[PDB]
Protein chains: 2
Amino acid sequence: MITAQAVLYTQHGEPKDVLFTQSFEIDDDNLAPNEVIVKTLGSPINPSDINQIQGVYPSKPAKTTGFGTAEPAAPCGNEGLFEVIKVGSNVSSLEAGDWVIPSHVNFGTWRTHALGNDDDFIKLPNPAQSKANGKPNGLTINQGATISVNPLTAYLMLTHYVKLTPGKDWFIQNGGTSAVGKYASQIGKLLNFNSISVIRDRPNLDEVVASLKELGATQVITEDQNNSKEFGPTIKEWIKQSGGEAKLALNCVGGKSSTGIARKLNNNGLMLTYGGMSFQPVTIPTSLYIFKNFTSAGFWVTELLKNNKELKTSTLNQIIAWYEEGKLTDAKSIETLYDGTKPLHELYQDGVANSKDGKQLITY
Amino acid sequence: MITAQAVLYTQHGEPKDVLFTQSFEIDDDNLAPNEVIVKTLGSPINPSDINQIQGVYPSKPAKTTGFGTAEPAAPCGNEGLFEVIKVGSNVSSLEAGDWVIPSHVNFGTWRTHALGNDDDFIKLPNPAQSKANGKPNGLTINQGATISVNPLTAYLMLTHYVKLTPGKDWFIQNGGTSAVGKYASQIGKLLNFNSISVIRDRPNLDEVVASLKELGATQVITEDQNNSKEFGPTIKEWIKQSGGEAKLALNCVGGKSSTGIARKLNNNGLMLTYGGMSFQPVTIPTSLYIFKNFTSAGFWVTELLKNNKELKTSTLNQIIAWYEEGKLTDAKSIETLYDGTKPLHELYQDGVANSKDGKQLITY
C-alpha cells in the first residue's frame with residue numbers, strides 16, 4: 001500500500017482560496033494487468049493550470065470522488081514528469097525506473113503518485129538510457145517536466161501551418177523573451193528560418209538582444225521600434241536582402257503589438273494567436289485583410305493534439321532528441337521541493353503567487 | 001467621328017478639387033477588326049471610385065495622354081453599363097444594341113463613350129432580349145450598372161468559403177443596411193440560410209427592420225444589442241432552435257461591431273472582412289482564436305476574380321437570372337441625367353458631395 005497526496009478543489013475559484021490536499025491510497029499489491037504506478041519527479045505551474053482551477057479554461061478534468069472525498073473534486077496540473085514504480089503483469093511498454101509524462105491533458109500532475117493504465121503515459125528516455133544510447137546529454141527533470149506544452153507549441157506553430165523556405169523566409173513574433181518565444185528562436189535556427197523577435201524595451205537591452213540572437217533570432221526589435229513608422233524601412237530591407245518573405249506571425253500579446261507584427265508580413269501572410277495579455281484584443285487593420293490577403297487564426301496545442309497521437313509523438317520525439325543532442329535549452333525554473341513538512345497545495349499556492357519571479361517547478 | 005466626354009484628373013486629391021471634364025474624339029468609321037464602340041448608359045459612384053481619385057486605393061488606372069490632355073491624366077470609375085453602338089469586322093460575340101459591362105477594373109466608367117476590344121466587355125441581356133425570350137422582367141439601367149461588384153460580393157461571401165446547410169445554419173453580418181448587406185439578406189432567403197443583420201440604430205428603426213426582414217434577414221439587431229453581454233442567451237437560443245450553427249460572419253465595420261459579430265459564431269467560425277469604417281481595425285478577442293477555433297480572413301472581389309473568369313461568369317449569370325425572374329431587388333439609386341447643360345464632372349462632384357443621400361447613379 002502506498003499513501004499519496006493530491007492537490008484538489010471542489011469548486012472553481014482562485015488557487016489561494018479553493019485548493020486543498022487529499023491523502024489517498026494506491027494498492028501496489030493489487031495492480032490490474034495493464035496498470036502502472038508512477039511517482040512524481042516534478043510538475044510545473046503554467047497559466048493554463050491556473051485558469052483551469054479558476055473555471056475560465058474550457059478543457060478541464062472532471063470532478064470525481066476518485067480520491068475518496070466527500071464531494072466531487074478535481075485534481076490540478078496538466079504537465080509533469082514521473083518515474084514508473086511498478087507495472088502490471090501484461091505491461092511491456094514500461095518498466096520500473098522509466099521516465100514518463102501523461103499521454104493526455106487533464107491528468108492531474110500536482111500530486112505525489114498516480115495509478116493509471118500503461119497508455120495514460122508516454123515514455124521519455126531517462127538519463128541512464130540516453131547515456132547508454134550514446135547521446136551526449138540526458139534530459140533534466142525540468143526539461144522532462146515542461147516538455148509537453150511550450151516546446152511543442154513553438155515547434156508546431158513553426159511547421160504545421162505555412163511552409164517557410166529554409167535559408168530565405170521569415171517569421172515574426174512578439175513576446176520574444178517568453179518561454180515559447182525562446183523555443184521558437186531556437187527551433188527557427190534549427191530549421192534554418194529567419195526571424196524577427198519583438199520584445200519589450202528593458203534596461204539590459206543589449207544583453208537580452210545578444211542572448212536571443214545566440215538562441216537563434218536573426219533580428220531583435222523592441223515594441224517601440226515595431227510601432228515606429230520611421231524604423232519601418234530597416235525591416236523591409238532585412239527581408240529584401242534575404243531574398244525571402246515574412247510569411248508567419250506569432251502573436252501572444254494582442255493590441256498594438258499584434259497590429260505592428262501583422263503589418264510587417266508580406267502579402268498572403270498568416271498570423272497565429274496562441275496567447276494574450278489581459279483584455280487586449282487582437283487588432284488588425286482592415287486593409288491587411290482586404291488588400292494583402294492576410295489571415296489571422298488561432299493555436300491551441302491542447303485542441304490540435306486532441307485525436308492526433310502521431311503528430312504529438314513525432315513532435316515530442318524531435319524535442320527529446322534535441323535536448324539529448326544539446327540543440328535546445330530550457331529556461332531555468334525556480335524549484336520547490338516537497339519534503340512533507342508543508343501541505344502540498346501550499347507549495348502550489350506559493351508558486352501561483354510567485355509567478356512573476358519565473359517558471360515554478362514543484363519537485364519531489 | 002464621335003465627340004465624347006470623360007471625367008479626368010491629373011493629380012490625386014479630393015474629387016471636388018481635382019476633377020474636370022475632357023472632350024475627346026473616337027474614330028467611329030475606323031475600327032480595328034476586334035474593336036468595339038460603346039455608349040455609356042449609367043455609372044455609379046462607389047467609395048472605391050472616390051478612394052482611387054484620392055490616391056489611397058492600391059488598384060488604379062494608369063495616367064496617360066490618350067484623352068488628349070497635356071499632362072498625364074487618369075479616368076474615373078470602375079462600374080458601369082454600356083451599350084454597344086458599333087463593332088469591328090471580326091467581332092461576333094457582340095452587336096449594336098447589346099448591353100455590356102467592363103470585364104476588368106480600372107476601365108474608367110465616368111464618361112460618355114469608350115473604345116475597347118470585344119474581350120474588354122462582358123455581355124448582359126438588354127430588356128428587349130429578356131422580354132422577347134419570355135422572361136417576366138428585364139434588367140433596369142441601375143441594375144446593369146451596379147451588377148458587377150455588390151451582388152457578386154454578397155453571393156461569393158455566402159457560397160464560396162463555407163457551406164451553410166439550408167434551413168439550419170446561420171450567417172451574421174454588420175452594415176445590414178448597406179447595398180451588400182441587403183443583397184446578402186436576399187440571397188440568404190433564396191438559398192434558405194438563416195441570418196442575423198446588425199445595423200446602427202436610427203429614428204425609423206422599426207421600418208428599417210421590417211424592410212430587412214422582408215428582404216430576408218431572419219433577425220435584425222441594433223449595434224447596442226450586438227454589444228450587450230446579457231443578450232447572448234437569446235442569440236444562442238435562436239441558433240439552438242434552428243438545429244444549425246452560426247458559421248460565417250461578414251464584417252464591413254470593424255471595431256466593437258466586429259468583436260460583437262465574432263462572438264456570436266459557433267466553434268470553427270469564419271469571418272470575412274470586406275470593408276471597414278475608417279480607422280476602426282478588426283478587433284477580435286484572443287479567446288475566440290484560441291478556444292473557438294475562429295478564423296478571420298479578407299474578401300476583395302477584385303482580387304478573387306482576377307484570374308477566375310469562370311467563377312465570375314457563373315456568379316453573374318445567377319444574379320442576371322434572379323433579376324429576370326424578379327427574385328432579386330436593388331436599392332434605388334438617385335439618378336442624375338447628363339444632358340450637356342452642366343459639365344459631366346460637376347454631376348459626379350455633386351454625387352460625391354451627396355453620398356449620404358443614397359447611391360448616386362449618373363445616367364446618359
Side-chain angles (χ1 to χ4, degrees), chain A residues 47-48 51-52 56-60 149 153 157 161 174-175 180 249-260 262-263 265 267-304 306, chain B residues 47-48 51-52 56-60 105 153 157 161 174-175 180 249-260 262-263 265 267-304 306:
Chain A
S48 56
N51 294 149
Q52 223 181 36
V56 301
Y57 190 85
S59 167
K60 65 196 189 171
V149 179
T153 290
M157 286 192 301
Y161 297 86
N174 55 22
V180 170
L250 312 180
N251 172 54
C252 57
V253 174
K256 217 174 165 184
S257 170
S258 66
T259 298
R263 283 188 185 289
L265 301 179
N267 286 348
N268 311 313
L270 174 68
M271 175 173 280
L272 299 175
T273 285
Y274 76 97
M277 260 171 221
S278 243
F279 75 89
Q280 232 185 171
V282 181
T283 296
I284 303 299
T286 288
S287 62
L288 306 188
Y289 291 116
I290 296 178
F291 296 121
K292 315 284 276 156
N293 190 34
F294 173 83
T295 299
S296 59
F299 182 89
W300 187 22
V301 71
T302 295
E303 184 58 34
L304 175 69
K306 218 188 154 189
Chain B
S48 59
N51 293 152
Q52 272 179 351
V56 300
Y57 197 76
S59 184
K60 64 190 190 164
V105 294
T153 291
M157 287 192 299
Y161 295 88
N174 50 31
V180 168
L250 314 176
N251 171 55
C252 60
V253 178
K256 296 187 183 186
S257 178
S258 70
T259 304
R263 281 194 186 283
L265 300 181
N267 295 160
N268 309 312
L270 172 66
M271 181 181 273
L272 299 173
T273 280
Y274 74 100
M277 196 67 87
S278 191
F279 308 72
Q280 270 176 52
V282 187
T283 304
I284 307 291
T286 292
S287 71
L288 307 189
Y289 287 117
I290 293 171
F291 303 125
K292 311 271 286 346
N293 190 35
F294 172 87
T295 292
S296 188
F299 181 90
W300 188 18
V301 76
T302 296
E303 184 61 22
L304 177 72
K306 250 192 166 192

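First the proteins, then the strands, lettered A, B, ... as listed; each starts at 1.
Residue B:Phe279: no heavy atom, backbone or side chain, is found under 4.5 Å from chain A.
Within residues 249-258 of chain A, no residue has a heavy atom under 4.5 Å from a heavy atom of chain B. Along residues 281-291 of chain B, the residues that come nearer than 4.5 angstrom to chain A, judged on non-hydrogen atoms, are B:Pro281, B:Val282, B:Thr283, B:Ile284, B:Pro285, B:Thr286, B:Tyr289, B:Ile290, B:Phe291 in order of number.
Residues A:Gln280 and A:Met277 approach most closely at CB-O, 2.9 Å, considering heavy atoms. In plain terms, the two heavy atoms of B:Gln52 and B:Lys60 that are nearest each other are NE2-CA, 3.9 Å.
B:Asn267 is linked by a side-chain contact (heavy atoms from CB on, under 4.5 Å) to B:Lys292, counting only residues two or more places apart in sequence or in another chain. Scored by the side-chain contact (heavy atoms from CB on, under 4.5 Å) test, A:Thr295 finds A:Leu270, B:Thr295, B:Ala297 as partners (sequence neighbours excluded).
Interatomic distance, A:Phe294 CZ to A:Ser296 OG, rounded to the nearest 0.5 Å: 5.0 Å.
In this structure, the side chain of A:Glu303 does not engage the main chain of A:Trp300 through any donor-acceptor pair within 3.5 Å.
Side chains of B:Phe299 and B:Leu304 form a contact here, defined as non-hydrogen atoms less than 4.5 Å apart.
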